[PDB]
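Below is one structure, written out as structure tokens; the observations come after it.
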Amino acid sequence: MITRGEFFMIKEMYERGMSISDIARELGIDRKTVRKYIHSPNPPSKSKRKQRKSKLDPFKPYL
DNA sequence: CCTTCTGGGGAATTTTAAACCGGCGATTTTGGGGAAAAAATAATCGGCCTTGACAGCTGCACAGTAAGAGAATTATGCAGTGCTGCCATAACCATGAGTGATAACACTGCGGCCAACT
């Protein structure tokens with residue numbers, strides 16, 4: 001979940017010719033994570049989750 | 001008057017410094033698996049801050065359009081009646097097939113009789 005700026009920085013510094021491992025060191029990210037993000041379309045910073053059960057569900061129709 | 005010393009130059013050789021390229025040893029990095037920790041997200045909890053309402057109640061008036069409710073009128077479909085013709089059914093006889101009936105034995109249902117308890 002590296003933010004827009006983090007992903008932009010990773011992609012740019014990698015494409016400039018800078019080595020990937022020291023890129024990860026500089027940005028404080030795991031080498032596997034950085035390498036995976038190298039070949040990625042756009043910055044991933046969103047997680048989608050659907051609704052979940054609550055306590056007032058059985059009573060909701062009655063209310 | 002003569003001899004010896006020295007110096008310059010061209011060629012041959014040697015050594016050391018520098019740079020490249022290859023080989024060898026070390027660390028790094030990538031990938032996968034397992035555990036631990038952090039953070040993010042959602043849900044649930046308590047509580048503070050702020051304000052609306054409760055103060056008789058709302059039914060009516062006008063505007064225009066549309067609908068509808070009741071009564072009178074009209075159209076139409078059903079019904080009723082008479083006369084004639086055609087189709088259906090019914091009546092009889094014959095023959096075949098199905099079912100209700102009859103005999104016999106076995107099992108079960110109902111009515112008459114005896115006994116036990118209150």
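Labeling convention for the structure tokens: chains A, B, ... as they appear, residues from 1 per chain, ligands from 1 in order of appearance.
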
> For chain B, which residues have at least one atom within 10 Å of chain A, if we go by only C-alpha atoms (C1' of nucleotides)? Write them as a ChimeraX atom specification, please.
Replying inline: /B:28-31,41-44

Dump C-alpha atoms (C1' of nucleotides) for the selected residues as a PDB file, in the first residue's frame?
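And here's result.pdb as it stands now:
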```pdb
ATOM      1  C1'  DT B  28      24.277  -9.189  -1.762  1.00  0.00           C
ATOM      2  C1'  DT B  29      19.976 -10.111  -3.520  1.00  0.00           C
ATOM      3  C1'  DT B  30      16.016 -12.708  -4.836  1.00  0.00           C
ATOM      4  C1'  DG B  31      12.692 -16.201  -3.811  1.00  0.00           C
ATOM      5  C1'  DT B  41     -10.281  -0.151   9.313  1.00  0.00           C
ATOM      6  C1'  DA B  42     -14.590  -0.851  11.162  1.00  0.00           C
ATOM      7  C1'  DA B  43     -17.662  -1.208  14.909  1.00  0.00           C
ATOM      8  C1'  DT B  44     -19.112  -0.174  19.399  1.00  0.00           C
TER       9       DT B  44
END
```

Contacts of residue 8 (chain A) at 12 Å (only C-alpha atoms (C1' of nucleotides); same-chain gap of 3+ positions) as a PDB file with N, CA, C and O atoms, in the first residue's frame:
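Okay, this is what ended up in out26.pdb:
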```
ATOM      1  N   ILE A   2       1.944   1.252  -0.771  1.00  0.00           N
ATOM      2  CA  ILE A   2       2.734   2.466  -0.915  1.00  0.00           C
ATOM      3  C   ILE A   2       1.883   3.521  -1.605  1.00  0.00           C
ATOM      4  O   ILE A   2       1.187   3.244  -2.591  1.00  0.00           O
ATOM      5  N   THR A   3       1.937   4.742  -1.086  1.00  0.00           N
ATOM      6  CA  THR A   3       1.044   5.797  -1.535  1.00  0.00           C
ATOM      7  C   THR A   3       1.440   6.264  -2.935  1.00  0.00           C
ATOM      8  O   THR A   3       2.406   5.778  -3.531  1.00  0.00           O
ATOM      9  N   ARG A   4       0.673   7.215  -3.474  1.00  0.00           N
ATOM     10  CA  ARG A   4       0.948   7.709  -4.819  1.00  0.00           C
ATOM     11  C   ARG A   4       2.390   8.189  -4.934  1.00  0.00           C
ATOM     12  O   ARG A   4       3.125   7.790  -5.846  1.00  0.00           O
ATOM     13  N   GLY A   5       2.815   9.042  -4.000  1.00  0.00           N
ATOM     14  CA  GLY A   5       4.165   9.578  -4.055  1.00  0.00           C
ATOM     15  C   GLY A   5       5.229   8.504  -3.937  1.00  0.00           C
ATOM     16  O   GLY A   5       6.233   8.533  -4.651  1.00  0.00           O
ATOM     17  N   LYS A  11       9.183   4.017  -8.978  1.00  0.00           N
ATOM     18  CA  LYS A  11       9.255   3.794 -10.417  1.00  0.00           C
ATOM     19  C   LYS A  11      10.271   4.725 -11.061  1.00  0.00           C
ATOM     20  O   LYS A  11      11.084   4.295 -11.889  1.00  0.00           O
ATOM     21  N   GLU A  12      10.262   6.001 -10.671  1.00  0.00           N
ATOM     22  CA  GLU A  12      11.164   6.966 -11.285  1.00  0.00           C
ATOM     23  C   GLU A  12      12.616   6.629 -10.975  1.00  0.00           C
ATOM     24  O   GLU A  12      13.452   6.553 -11.883  1.00  0.00           O
ATOM     25  N   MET A  13      12.941   6.422  -9.696  1.00  0.00           N
ATOM     26  CA  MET A  13      14.322   6.137  -9.332  1.00  0.00           C
ATOM     27  C   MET A  13      14.797   4.832  -9.957  1.00  0.00           C
ATOM     28  O   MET A  13      15.955   4.726 -10.378  1.00  0.00           O
ATOM     29  N   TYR A  14      13.921   3.824 -10.042  1.00  0.00           N
ATOM     30  CA  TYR A  14      14.311   2.583 -10.699  1.00  0.00           C
ATOM     31  C   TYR A  14      14.598   2.808 -12.179  1.00  0.00           C
ATOM     32  O   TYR A  14      15.592   2.296 -12.707  1.00  0.00           O
ATOM     33  N   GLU A  15      13.750   3.582 -12.865  1.00  0.00           N
ATOM     34  CA  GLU A  15      13.948   3.793 -14.295  1.00  0.00           C
ATOM     35  C   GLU A  15      15.145   4.695 -14.575  1.00  0.00           C
ATOM     36  O   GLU A  15      15.725   4.631 -15.665  1.00  0.00           O
ATOM     37  N   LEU A  27      13.988   4.081   0.657  1.00  0.00           N
ATOM     38  CA  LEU A  27      12.564   4.278   0.890  1.00  0.00           C
ATOM     39  C   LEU A  27      12.027   3.431   2.036  1.00  0.00           C
ATOM     40  O   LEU A  27      10.830   3.505   2.332  1.00  0.00           O
ATOM     41  N   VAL A  34       9.298  -3.799  -3.234  1.00  0.00           N
ATOM     42  CA  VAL A  34       9.724  -2.817  -4.228  1.00  0.00           C
ATOM     43  C   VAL A  34       9.798  -3.459  -5.606  1.00  0.00           C
ATOM     44  O   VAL A  34       9.320  -2.900  -6.598  1.00  0.00           O
ATOM     45  N   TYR A  37       6.453  -3.941  -7.055  1.00  0.00           N
ATOM     46  CA  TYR A  37       5.894  -2.672  -7.503  1.00  0.00           C
ATOM     47  C   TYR A  37       6.589  -2.132  -8.746  1.00  0.00           C
ATOM     48  O   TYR A  37       6.014  -1.283  -9.436  1.00  0.00           O
ATOM     49  N   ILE A  38       7.809  -2.587  -9.045  1.00  0.00           N
ATOM     50  CA  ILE A  38       8.477  -2.138 -10.267  1.00  0.00           C
ATOM     51  C   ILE A  38       7.600  -2.428 -11.478  1.00  0.00           C
ATOM     52  O   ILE A  38       7.358  -1.555 -12.318  1.00  0.00           O
ATOM     53  N   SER A  40       4.265  -2.797 -12.005  1.00  0.00           N
ATOM     54  CA  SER A  40       2.896  -2.551 -11.580  1.00  0.00           C
ATOM     55  C   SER A  40       2.346  -1.371 -12.368  1.00  0.00           C
ATOM     56  O   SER A  40       3.094  -0.445 -12.703  1.00  0.00           O
ATOM     57  N   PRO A  41       1.044  -1.375 -12.680  1.00  0.00           N
ATOM     58  CA  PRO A  41       0.489  -0.293 -13.506  1.00  0.00           C
ATOM     59  C   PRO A  41       0.500   1.060 -12.812  1.00  0.00           C
ATOM     60  O   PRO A  41       1.007   2.043 -13.363  1.00  0.00           O
ATOM     61  N   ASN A  42      -0.052   1.119 -11.602  1.00  0.00           N
ATOM     62  CA  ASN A  42      -0.239   2.388 -10.910  1.00  0.00           C
ATOM     63  C   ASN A  42      -0.110   2.191  -9.404  1.00  0.00           C
ATOM     64  O   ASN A  42      -0.172   1.055  -8.916  1.00  0.00           O
ATOM     65  N   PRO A  43       0.060   3.267  -8.640  1.00  0.00           N
ATOM     66  CA  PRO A  43       0.261   3.133  -7.192  1.00  0.00           C
ATOM     67  C   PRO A  43      -0.906   2.426  -6.527  1.00  0.00           C
ATOM     68  O   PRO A  43      -2.057   2.873  -6.635  1.00  0.00           O
ATOM     69  N   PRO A  44      -0.651   1.316  -5.823  1.00  0.00           N
ATOM     70  CA  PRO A  44      -1.719   0.678  -5.046  1.00  0.00           C
ATOM     71  C   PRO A  44      -1.813   1.253  -3.641  1.00  0.00           C
ATOM     72  O   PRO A  44      -0.894   1.079  -2.833  1.00  0.00           O
TER      73      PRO A  44
END
```
